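Q: this one's sequence-less:
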């Protein structure tokens, strides 16, 4: 069952989130922006820390829980909601897509706060 929105580290430099949970296995999204079924052991558990904060080179404050615009990348060109933040990559959520949970990561370097 696990929980939705849980982030998992697939590798020492790759991160993914859970978009579709299943009893036979859990569907996690690869930081590359892909969805692949995985097992509890094939994934890890990490609690988000409110202190986890990042500063945008444009003098902008970014938080794991905030709204930012995405202009870099093929899906960029729209605004998303910052749900999970990891290193220079943050997991954004998009209600437009529900089949894959509308979860995708972007480079905070190109992410700009709308407000």
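A: Arrived safely, thanks for sending. Numbering: from 1, shown residues only.

Q: walk me through the domains of this protein.
A: 1-46, 47-115 (curated CATH domains).

Q: adding mean neighbour count, write these out as a markdown table.
A: All C-beta spots, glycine's among them, are computed from the backbone N, C-alpha and C. Shown next, in a markdown table, are these (neighbours: other C-beta atoms under 10 Å):
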| stretch | mean neighbour count |
| --- | --- |
| domain 1-46 | 15 |
| domain 47-115 | 15 |
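
Q: what's the helix or strand for residue 83?
A: Taking DSSP states H and E as the definition, residue 83 sits inside strand 78-86.

Q: can you pull out the strands in the protein?
A: Here the chain has its strands, by DSSP state E, at 7-8, 16-21, 26-30, 34-38, 53-56, 60-63, 66-70, 78-86, 89-93, 103-107, 111-112.

Q: between these, which gets nearest to residue 45?
A: Nearest of those to residue 45, taken as C-beta to C-beta: strand 7-8 at 7.2 Å.

Q: now find how far off-centre that closest one is within its chain.
A: Chain-centre distance of strand 7-8: 9 Å, with C-alpha atoms, centre = their mean, to the nearest Å.

Q: that strand pairs with which strands, parallel or anti?
A: Paired strands of strand 7-8, with direction, are strand 16-21 (antiparallel) (DSSP bridges).
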